[PDB]
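> whatever this is, show me its structure:
(chains A, B, C, D, E, F and G)
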Amino acid sequence: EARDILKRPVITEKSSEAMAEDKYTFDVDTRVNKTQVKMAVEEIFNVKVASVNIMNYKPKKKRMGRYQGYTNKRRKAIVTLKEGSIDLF
Amino acid sequence: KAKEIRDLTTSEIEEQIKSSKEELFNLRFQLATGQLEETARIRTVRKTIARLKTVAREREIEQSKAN
Amino acid sequence: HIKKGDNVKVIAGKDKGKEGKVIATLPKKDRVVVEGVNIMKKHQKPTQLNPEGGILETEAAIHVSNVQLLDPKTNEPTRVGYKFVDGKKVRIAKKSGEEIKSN
Amino acid sequence: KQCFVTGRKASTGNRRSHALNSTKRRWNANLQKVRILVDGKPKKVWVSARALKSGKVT
RNA sequence: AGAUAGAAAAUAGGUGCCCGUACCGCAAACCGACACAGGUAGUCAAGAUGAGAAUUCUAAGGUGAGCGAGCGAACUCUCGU
RNA sequence: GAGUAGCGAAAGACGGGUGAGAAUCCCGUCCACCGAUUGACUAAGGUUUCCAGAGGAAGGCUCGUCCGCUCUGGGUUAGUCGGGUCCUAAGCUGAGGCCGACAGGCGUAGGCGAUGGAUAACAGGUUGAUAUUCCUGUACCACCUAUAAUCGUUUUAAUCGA
RNA sequence: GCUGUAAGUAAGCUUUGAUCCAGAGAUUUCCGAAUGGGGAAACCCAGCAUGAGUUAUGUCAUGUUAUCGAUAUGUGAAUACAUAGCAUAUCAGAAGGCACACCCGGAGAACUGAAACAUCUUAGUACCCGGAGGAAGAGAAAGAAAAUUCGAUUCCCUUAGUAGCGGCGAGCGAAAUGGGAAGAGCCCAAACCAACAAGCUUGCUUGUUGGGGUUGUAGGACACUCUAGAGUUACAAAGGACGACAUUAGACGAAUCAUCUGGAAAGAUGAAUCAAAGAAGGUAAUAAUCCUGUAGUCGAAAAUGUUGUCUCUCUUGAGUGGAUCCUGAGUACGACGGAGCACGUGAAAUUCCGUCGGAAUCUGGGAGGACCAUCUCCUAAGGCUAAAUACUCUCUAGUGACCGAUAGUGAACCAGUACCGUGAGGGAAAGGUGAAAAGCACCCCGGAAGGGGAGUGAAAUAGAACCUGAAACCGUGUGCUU
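Numbering: from 1, shown residues only, chains lettered A, B, ... in the order given. Below is the structure:
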C-alpha cells in the first residue's frame, strides 16, 4: 500500500502544461480516494501536497482486427503540490 | 532461489517483500516514462516477491496448525 | 530421434547420401535443420532493421524422419537404442557399442 | 390445512354426473379449531372431528 | 425527560470523501431498418410594425440543405392571370 | 425490366490555394435563408460520434484532397453545481404473523423509492478539446486542534440535549 | 530447450536440469443462496472490536454483524405464580445450484381417435411444483393356489393379444402356473421383570433407565432343565495396522538396402530381414523394417477408490409342559361420495381417500373374485434391508456396409456468437496456397489500387478472395448465314 496505487505517471501535452506549473499527473488505481492519493505521494516523494483532483474515464471501444474489445477503465488524479518536486526523470 | 529465504528470519523477509515492492514501482514508473530498456526485470522481481510471500505464508501456517 | 549437434546423413529429398552436422532441433514440429540441407533462396526486402536485402541462402528444416545417425565406427546409417548405464539412458548405435553425443 | 394430530388432509377426485361427465372436486377434513395442550402451552390448532371422537383434551 | 465540572468569548492554524461532468440533445450522434419532409419535456428569447410569443424585414448568432449542366415539347404536379 | 425509375422540401455566383484528380475540400468578397428560431442552454436517450495530425478501399444516394468514415495520439479536474450522503408521497418490499394442494398470496413494525421538501461560490481569465470543477481575486458552510479575556453549587450554567 | 494462441522485436531464462507432465499444498478481487443495511448483479452506505495514520478530525487495514432452526443461559408481561415476549451464547444445522436423464409422490390438459359427439379415447400423457438416491421404488405372506409352494421382493422370456373389460363401439387388456437372472434376512410394540426412576403415597401408578421376546408346527413369557457365533450392505456401532492387485506421471521395445521415374518415393524393380509386434498415425507419393508407436515387459514421492487379514466392537443357546397372560384400536370393517385395480358400479371381490358409525382378542382374526357352510392357507393394523433392474452431464479406452462442409451438432471456423425482439425468446452465414512461407530481392507504368517483367516453386490461370473450378450470366474474335 501507498505504492500499489500509483500505477504509472502521465506524460502528455496537457499533463506537461501542468508540469510547467507544480501540477503533476499520475495514473492511479481505480479503487482509491483523493485522501489515499495525497498520503501516498507525500509518503513516497516526501512532498507536501496542497490539493488533488480525481476523474474516472469509461472503458473505450477498441477494435483489433476482427475482434472487438474494450480498453481498461481508468482513474486519474492531478496533484498541485506546494512544497516539493515529483521528479519523473 | 528459495533456500536462503528459508534461511532468512521472518523479520527482514517482510522487509524484503517491502523493498522489492518498492523496486517494482520504480521499474514500472520508468517503463512508462520510457526509460527502462530492461523490461524483463519486472518479471524477475515479480518472481522474487511471489516466492517471498509464499515462504511467509508457510512460516505462519506451521505454527497455526501445530500449536 | 537425434541430438542437437551430432552428424547425420539424409535419405529424403534432393539431398541423400550426404552428411552434415545438425544446427537446430525444433521439438514441436519434429523438424531439424542440418548443414547444407535444403538450401533455400529467400527474397529479403530492404527495410530498417536490414538496411538492404537480396536473396538469402539460409537452410530450411526437414522432418526428423529424413535423417539418421552414423555408426561412429563404420559411418553407416544406423538406428539408435538405449542402455541403462548407472540408471542413465545413454545411447547405442544398435550395431556396435556406445555412441557419443557431446556436441 | 392438516389435522394437527392425525394428518387428515384434503384430497382430489371427481364430481360425476348422471351422464358420467367428470369435473375435478375436493374432499376436506371436518377440521375444527380447538385449544388443545401442545408443547406444554395451550394452543389453538385445527383438529379433525374424528380425532375428537375420542382422545383429545381441550 | 436526563447528562455533566465544562470553552464561549473577541483569535490563529488545519481538514473536508464517493458518483456524474467530453460530445449530440426540434437532432446526420435520440425513437422511427436509412446522413428518413414524422415524434422528442423545460429555460432565455432583441429591433421596426402592432394589442400580441400574429405578420413582413432585420439584429445577436447559425445556414445555403451530399448530385449537376442544358432545353424551356407532350403529359402530370404547385402557382398567377 | 435498363443504363430505365430514383438521387429524399431550399440560392448560389466568382477570385485565390491546395492536389494525380475539384460545381462538390480550405480562405476571401458579394448574394441569399432563419431569426418565439435552423440561435443559445439544459434534461431524457445514445455512448467516444468530442479534439489535433494523417489517409481514401469501403460508408457518404454524385464527386471528394472532405466528414458523424478509417489509422495514430489525445481530451471530462467541484466541501459549495446535480445525486450519494438528509426526508418522505404514489408504489414496491416486509422479520414475526394471517391465509394457502406444493408453488406461493397478503400484511404489521421497519425499510426502499423523486417527478417534491432541506442543504454553504460569485466575477473574470484561460486551451485544440474541460471548467459555479482549473487558475486570479474575494467568500461562505461544516468539522478538528491550540488559545480565551473569567461563564461559574456543575442540579441549574458561558450553556450540553432525545 | 523455453518465453501460449499469434504473429511479432525487445528484454530475458535454461544441463547448477528450465519450458513440460502427474500428485499434494498456498494464493484465489468483485458479484451471485449472497447473508451487516440498501440496490437498477458485479455497486453504494454502515455499526462494533482491534490495529495503522494524523497534534487531532477526516482517512485506511483485518475481523465481526442476515433469517429461520436446534440447544443453553439470563430476563420476563396483560397476571398472582407462571407463560408469552425479549436478550445473549453456541452450532462445517438449513438455505441455493443442477443432467433438458433415470425414480417416487402432489396436482393434472387438450388437439386427437371414435370416420360427428357427450360415456369412452388421447392419458394419468404433456406441463407444472415437492422429495430424492446413485440408483430409487418394492420387499420377508392376514400371499399363490387346489399339487402344493416362487415359499420376501424385483426383473427377463412365455403364458397371450389368451382370460377378461368395453356407448360390449373406437378401443383397452392381465395374473397364476412353467422357464430364467439374482438371492438374505431381520429389528421393535405387547405381556412380564430383581430392581431403577419419578409421580402418587408407597397402596399403587407410570416412566424410558434397561432387560424380555417378536411368531401359525401357534410364537413368545410362565413354570421347569439347560451349556459361555456376529458385525459396520439390514441385522449396535466407532476407528489404527499391516499387506495385496489395480489408477492419477512414465520407461524399454525387433527388423532395409540398392537402382529406376520423380520436385520428393513408402511406388516399380532386385536382393534381404523381423514378427508374442503385418493395430494405427505421420513422413515431399502408396512403409512390418524411417519416425511416433504396437505385441510383450517394467514402473510410481504422493493423494486416492478397493480388498486379505490382524485387531477391534458386540453376545445365550435349547427343549418341555401350558393353568393364566400377551401378540400392534378409533384399527379392521360397514354406510355415503369418489378414486384404484386390465376390470367403465357391474353379481364386483381385492384396495385406498374424505364423511359419519364401529369389532374380536386363539375357546380369536383375515384370504381363497357375489358369496356363504366346510375345507385349505395365512396371522394385518410398527420398522430396516444388498443383488439381479433404469439412465449418462462426465472421465478413460475402443468400435462403426455412420456423415464428409446445402452433410454431420444450431455451431469443424473465437456460435448460442453476428443479428432480430421491450422481453420471454428466435437465431445464422462462414473449412481447403504450397512439401517447405520458400509469402514474389530489384526494375518498369501509376498518387495509390492494380499490373508487366525478373526471381521462388514441380506448378504462380498454386500470389494470399490462394486445390480442383461445372452451369446460369457477361464479353472479344471470327467460318457460314440474314
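
> wait, residue C:2 sits on residue C:65?
No. Counting by Cβ atoms under 8 Å, residue C:65 is not a contact partner of residue C:2; they are 10.7 Å apart. Where you see a C-beta, it was placed from the backbone N, CA and C, and this is true even at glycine.

> find the residues that touch each one of those two.
Taking Cβ atoms under 8 Å, 6 or more residues apart in numbering or on different chains as the contact rule, residue C:2 and residue C:65 have no neighbour in common.

> which of the two has more neighbours?
residue C:2 (18 against 10; other Cβ atoms under 10 Å in any protein chain shown).

> ok so the more buried one is a helix residue?
No. Residue C:2 sits outside any helix when classified using DSSP: H, G, I helix; E, B strand; the rest coil, being coil.

> quick one: residue B:61 from residue B:13, how far?
15 Å (Cβ to Cβ, to the nearest Å).

> now do residue D:7
68 Å.

> between those two, who's got more neighbours?
For residue D:7 versus residue B:13, the count of surrounding residues by other Cβ under 10 Å is larger for residue B:13: 17 against 10.

> ok so the more buried one is a helix residue?
Yes. Counting by three-state DSSP, residue B:13 is found in a helix.

> correct me, but it touches residue B:56?
Yes. Assessed by Cβ under 8 Å, residue B:13 is found in contact with residue B:56 at 6.0 Å.

> burial check on the residue in chain B that RNA strand G sits nearest to, number of neighbours?
Residue nearest to RNA strand G within chain B (Cβ to the nearest atom of the strand): residue B:40, separated by 3.3 Å. The number of residues packed near residue B:40 is 8, by other Cβ under 10 Å.

> ditto for the one 10 residues further on
Other residues near residue B:50 come to 12 when the count uses other Cβ under 10 Å.

> would you say it is within a helix?
Yes. Counting by three-state DSSP, residue B:50 is part of a helix.

> list the contacts for it?
Applying Cβ under 8 Å, 6+ apart, no residues contact residue B:50.

> now the strands for the chain?
Picking chain A for this. A:6-9, A:24-28, A:52-57, A:61-64, A:67-70, A:74-79 (DSSP state E).

> my question was about chain C, not that one.
C:7-11, C:16-21, C:31-32, C:42-44, C:54-56, C:62-63, C:67-70, C:77-78, C:81-85, C:88-92.

> for chain A, what lies in contact range of RNA strand G?
Contacts of chain A with RNA strand G, taken as Cβ under 7 Å from any atom of the strand, map to A:1, A:33, A:35-36, A:38-39, A:65, A:67.

> would you indicate which residues of the biggest helix by length in chain A are buried?
Taking DSSP state H as the criterion, chain A has its longest helix at helix A:34-44. For helix A:34-44, a neighbour-count test (16 or more other Cβ atoms under 10 Å in any protein chain shown) marks A:36-42 as buried.

> now stretch B:31-50
Buried, per 16+ other Cβ under 10 Å, within stretch B:31-50: B:31-32, B:36, B:45, B:48-49.

> of these, which is the nearest to RNA strand E?
residue B:32 (22.0 Å).

> got phi/psi on the most far-flung residue of chain A relative to its centre?
Distance to the chain centre peaks in chain A at residue A:66, reaching 32.2 Å (criterion: Cα atoms, centre = their mean). Residue A:66 adopts backbone torsions of phi -100, psi 0, taken as degrees, to the nearest 10.

> which residues are in contact with the residue positioned nearest the centre of chain B?
Taking Cα atoms, centre = their mean as the criterion, residue B:49 is the residue nearest the geometric centre of chain B, at 2.0 Å. Contacts for residue B:49 (Cβ under 8 Å, 6+ apart) come out as B:17, B:20-21, B:24.

> so which helix or strand takes in the closest residue to RNA strand E within chain B?
The minimum distance from chain B to RNA strand E, using Cβ to the nearest atom of the strand, falls at residue B:25 (21.1 Å). In this structure, residue B:25 sits in helix B:10-32 according to DSSP states H and E.

> against which helices or strands is that helix packed?
Packing contacts for helix B:10-32, counted by 3 or more Cβ pairs under 8 Å, 6 or more residues apart in numbering or on different chains; DSSP states H and E, involve strand A:6-9, helix B:41-65.

> how about the shortest one, does it reach RNA strand F?
No. Figure legend: strand A:6-9 not in contact with RNA strand F (Cβ under 7 Å from any atom of the strand); closest approach 10.9 Å.

> count the neighbours of residue A:55 for me.
Neighbours around residue A:55, by other Cβ under 10 Å: 9.

> beta partners of it?
Note on residue A:55: beta-bridge partners by DSSP bridges are residue A:76.

> quick revisit: in contact with the residue farthest from the centre of chain A, which residues?
Residue A:66 touches nothing, counting by Cβ under 8 Å, 6+ apart.
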